[PDB]
Each structure stands twice: as C-alpha cells, then as structure tokens.
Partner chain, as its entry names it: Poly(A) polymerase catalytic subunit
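Here you get one chain, nothing else, as structure tokens; it is the form solved without the partner chain.
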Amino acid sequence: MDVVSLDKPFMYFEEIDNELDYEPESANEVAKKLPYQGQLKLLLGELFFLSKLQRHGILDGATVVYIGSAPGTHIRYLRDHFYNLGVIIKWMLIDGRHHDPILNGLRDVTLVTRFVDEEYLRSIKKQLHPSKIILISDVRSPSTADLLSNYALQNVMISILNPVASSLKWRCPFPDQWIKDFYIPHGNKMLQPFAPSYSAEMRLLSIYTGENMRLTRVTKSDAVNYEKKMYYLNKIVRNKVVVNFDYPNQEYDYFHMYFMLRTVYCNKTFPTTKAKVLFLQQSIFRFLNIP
C-alpha cells in the first residue's frame, strides 16, 4: 500500500512542490473510479467557490450565470444547498444541450437552450441589468486551437457580463502542442479532487474589485511547468493513502475533498468538523447516487 502523512492537501496550483516528466503511457490508464465522478468533481469545486463568495458577502442577491451547464445534474444540489440556507440567488443556466429535468419547475432557475456568442452575451447583460453577476463557465468545444478559442470566449464573458466573481475552466495546452502565448484572467488556480486520473485541469477563481481587470500571459515554458507539476500531483500525490487522516476514506482525494467541504456553511450545528464533512459528503454522495 502507498502510505503517507500530510498536514494539508495541495489546494492551489502554486502549492505543488515538485514535478515529474510526463509519461505519455498514463493516458492509457483508468481515468475514473466513481460513477458520476465528473458531477462530483464539479459539485465540490463549485460549492467551494460559492461558499467563499458567501464568506465575502457577495453571493446573496446575485444571479449566477452558468455557461456550459448541461446536463448540470449536480447544479440541483448546489441550488438546494443555498436555497435552504436562505441565500437569495437566481440561476441562469445556458447551454445548447439539454439540462437534467431535475432543474425544471423552480422559479429561481432559468434554463436557456442557446450556444452563447459575444452578441448573445451582450443581450443577456442588458436583460440581467442591474443585477450583480457571478459567472461560472464550463464550456468545451480538444485541439490547442479549440482551447484558445474557449479561453478567448471566457475572457469575453467577463468583459461583457462584468461579473463580481468568476469560476472558469482552465487547462493549459500541452507544450508539445503549443501555438501561441495567450492571456487568462488573474485568479486562484483551484485544484480539483476527483478530477480524471491524469487531468491537468483546474478552475480559475476570481473576484472583481474596482473596475479593473487583471490578466496574465501564458507561455510555452508555463505550459511545460503545468504539465510536470500536474503530472507529479496525479502520478504521485493523488496516489497516496494519508494514514494520519482519520476518516472513513484516507485516499488523497477524500483528504483533499475534506478540506473543501470544511469551508461549506450548514444550518445543522456539528460538534466537530469531521461531523460536518462526513454529513456533507454522505449527503453529496447520496444525491449523486455514488455508493
């Protein structure tokens, strides 16, 4: 067994303290172990991001514009969590594909069947005005050309919608597939537990203060760095059993999930953080139909 003792898990990209040369043979290795693991991945990352906005007093009364939301099965849990907490939020879910019918029949959530473009963003902004907007993007076309195209759309989402905070899908193109240096919004690179086995994807979390917009250039050397750091995280780290983690499941991703869940607010009062986490996790797994 691959046992280890850790204080805390890597929460953000910069925390990764090591790197490994990427082995193309890892692509042939099992990417997932849990059913609906993709929804789980999304649900934790988005509960984490949103509970933070709550902490900063910017969630209540906002409209959450989720682009690339279908099927969005896990969004029903998020919606319920904050609704039962008393937070007022309107959800506007937009995708060209169809949403999980469990999202229908709620006055607070609007489902839109449209692939967004810069023009469409302009009209929703006019229609959402003067409400405060929180943006979540999970759009997917892939080629480095597809990526750049997605990243270029997400930057336009921010400039047109002018959100108070944003969660964006972020995976650096692979160095050996570089095309050109590009800019991405400045934010925290939140690492994702339950991401596919060798995924280099994270979520770019940002809060907008003032009327400024800070971007950051991404170069090929940066692309090499992402690859080695994420390859070390995936191959080595995520494969560890954290023995000093007293929890029903000691695998790294559960240790990592625990740290995200401990930040979530609840109505029920608990004697320990472990009590809360076990509860939220149980709750989350039952909702998602994960054994």
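Each form is matched to the other, and the largest set of C-alpha atoms that superpose within 1.5 Å is called the rigid core. Residue numbers count along the first chain shown, from 1.
Between stretches 107-115 and 209-217, greater average Cα displacement in 4 other deposited structures of this protein relative to the shown form, fitted by the core, falls on 209-217. Going from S141 to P142, the model skips 4 to 9 deposited residues, which lack coordinates. Checked against the record, the higher mean CA B factor of 245-253 and 225-233 lies with 245-253. For the segment pair 104-112 and 122-130, the entry gives 122-130 the higher mean B-factor, averaged over Cα atoms. Comparing C-alpha B-factors across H186, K169, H81, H74 in the deposited entry, the largest value falls on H186.
Sorting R238, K32, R262, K41 by the CA temperature factor given in the entry leaves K32 at the top. The entry lists a Cα temperature factor for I179 that places it in the highest third of the chain's modelled residues. Among the modelled residues of its chain, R203 has a C-alpha B-factor that falls in the lowest third according to the deposited record. When the modelled residues of the chain are ordered by their C-alpha B factor, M1 lands in the highest third. In the deposited entry, the Cα temperature factor of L59 sits in the middle third of values across the chain's modelled residues. Ranked within its chain, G96 lands in the lowest third, by CA B factor from the PDB record.
Note that the form deposited with the partner chain bound isn't included here; everything after this is about it.
Of the heavy atoms in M92, none are within 4.5 Å of the partner chain in the entry with it bound. Shown alone here, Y265 lies within 4.5 Å of the partner chain in the entry with it bound, counting heavy atoms only.
In the entry with it bound, the partner chain stays beyond 4.5 Å of every heavy atom belonging to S197. Interface membership of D60, defined by any non-hydrogen atom within 4.5 Å of the partner chain in the entry with it bound, is confirmed. Of the residues given (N225, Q37, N249, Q54), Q54 alone sits with a heavy atom within 4.5 Å of the partner chain in the entry with it bound.
Candidate site formed by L191, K274 and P291: none of these residues places a non-hydrogen atom within 4.5 angstroms of the partner chain in the entry with it bound.
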